[PDB]
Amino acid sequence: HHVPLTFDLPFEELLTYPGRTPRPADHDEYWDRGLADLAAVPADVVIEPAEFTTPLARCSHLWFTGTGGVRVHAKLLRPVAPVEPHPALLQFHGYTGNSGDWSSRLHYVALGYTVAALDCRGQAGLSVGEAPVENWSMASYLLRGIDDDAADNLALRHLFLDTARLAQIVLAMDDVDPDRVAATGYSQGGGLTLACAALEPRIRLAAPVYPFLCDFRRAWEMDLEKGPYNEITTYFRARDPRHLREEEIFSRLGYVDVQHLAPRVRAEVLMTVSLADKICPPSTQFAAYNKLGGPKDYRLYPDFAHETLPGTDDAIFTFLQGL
């Protein structure tokens, strides 16, 4: 006995943890309608030249139309003179960040991969198009659209469908073997990795690192000092201080909880978790991990928080070499 008091759950409990955010009864119909809504919007793919140049790759700006009639951007890097269809890698970035430096993924192009890195709407990248909502609250981007009449105007639903469209576009490229596409990302990018592999089940491998956007109600109940999950509390303090609508708010967040999309995943998943992480508590991550629909494995860093995890990029690189 004599187990100390952790802010989160003991590891033995994590592997059986079922989550604590309600799954709406019409979850499957919600996402089929979302995928149908997306398919009814013509992608209108335009590929435009980039300023960054190197003999290692062809660098481009990839533009497409997402739900809400918004133009969305992704960095696109393709190998010079490909001869046979080859793998591709989709990368997703952290909350409020952007797709990052071109040169950080040139080694994947050197392996022969196409790499596409999405810029999330309104964050630090080139996606600057905003879909409207009926009820605008400045309190929270994560909860944008939560007060609309129907649940289809959630900002995170547009974001998830953006990842689905990017995967659809990349898979359809003639140079890309549709059976050899992977996804990876940190934090928000980890959650988007799983949402992408769920809405495009053709994805073969997925490597999220401490994924964000899981188990919203568990995150709220833990009363975390810092981090983006505090947007939930900020919204409540602004628009429902007595929590009269608590059940309706969390039932709608259940539509965009990655843990309830996880059963659709067919990719093999390699998930990295650090146990001192108070930004993405391990319990919220394993809520999604435990519901994954394909083969899966995890890597633990007991003494680390939401930071660089030494050796993980090599582990992911070796994992993605099997594509």
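Residues carry their position along the shown sequence, with the first being 1.
Per-stretch averaging of Cα B factors for 226-234 and 148-156 places 148-156 on top. Higher average CA B factor: 84-92, of the stretches 158-166 and 84-92. Residue set 249, 142, 131, 72: peak C-alpha B-factor at 131 (per PDB entry). When the C-alpha B-factors of 268, 257, 37, 51 are read from the PDB record, the largest value belongs to 37. Ranked within its chain, residue 136 lands in the highest third, by CA B factor from the PDB record.
When the CA B factors of the chain's modelled residues are split into thirds, the value for residue 61 lands in the lowest one.
Annotation for residue 173: CA B-factor lies in the highest third of the chain's modelled residues. In the PDB entry, residue 9 places in the highest third of its chain by CA B-factor. Ranked within its chain, residue 214 lands in the highest third, by CA B factor from the PDB record.
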